[PDB]
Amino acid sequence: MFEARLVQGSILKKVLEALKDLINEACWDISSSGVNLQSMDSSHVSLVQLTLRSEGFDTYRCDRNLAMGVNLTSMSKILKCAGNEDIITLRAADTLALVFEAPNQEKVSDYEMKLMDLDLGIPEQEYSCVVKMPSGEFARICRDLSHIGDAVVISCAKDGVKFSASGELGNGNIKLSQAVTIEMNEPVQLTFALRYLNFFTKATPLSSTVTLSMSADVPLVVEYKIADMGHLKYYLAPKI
């Protein structure tokens, strides 16, 4: 009914790490085109959109559209039982089966995960400023400014992008110039909650690069490309 085989089994491990703490429960949308997951966090301030195209899988088989409601911490627990060199197969539809086949040992792990019945349109948009920067740098900026304040002001201009925070200790401004690529059509200045961004940055191991797309009074998009397999997008509603 559904059989997805991934040789780079650690992609799926890093994917669940980047979601489990931000989203507790999500519906995995399975079809012939691949695996999709879209979910807001419990506060509806952020939304994750995950796409894993069928072509990114080494084997992919799906004869009907599936909506598998998954407790992402239960799925994270099972995926921790997989080694980084394992071949992971997803299979189904009252349970999701995960099969971990050892790279070079005669060891097969078979996990059967209870599902649960879990019962938004992301409109196409252009953005004024699009910043592409190293993922580890964005992770550091978000972690570092978390020591200063709870909100970060992202000001983008032709020269570059500035991340600013303020609190009791004082204030901080991190300026990146220009690999930092800035496709700018209109300077923007938006304020976001650092706590959510520090959840998004758990996707950092998925991609050496991160893309921020911003426009006046619209959600920030924090985008991690997943090899040649898909993407993990985080949307963050602005403040004010």
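Numbers follow the displayed sequence, beginning with 1.
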Deposited residues lacking coordinates between residue 92 and residue 93 (none, 1 to 3, 4 to 9, 10 or more)
1 to 3
In this entry, is the chain continuous from residue 178 to residue 179, or are deposited residues missing in between (none, 1 to 3, 4 to 9, 10 or more)?
4 to 9
Averaged over C-alpha atoms, is the B-factor higher for 186-194 or for 199-207 in this PDB entry?
186-194
Greater mean Cα temperature factor according to the PDB record, 128-136 or 96-104
96-104
Compare the CA B factors listed in the entry for 141, 169, 154, 75 and report the winner.
169
Which one of 164, 71, 146, 84 shows the top CA temperature factor in the record?
84
For residue 88, does the deposited CA B-factor place it in the lowest, middle or highest third of the chain?
middle
Based on the entry's values, in what third of the chain does the Cα temperature factor of residue 215 lie: lowest, middle or highest?
highest
Relative to the other modelled residues of the same chain, rank the CA B-factor of residue 236 and answer lowest, middle or highest third.
lowest
Which third, lowest, middle or highest, does the C-alpha temperature factor of residue 65 belong to within its own chain?
middle
Would you check the entry's CA temperature factor for residue 59 and let me know if it's in the chain's lowest, middle or highest third?
highest
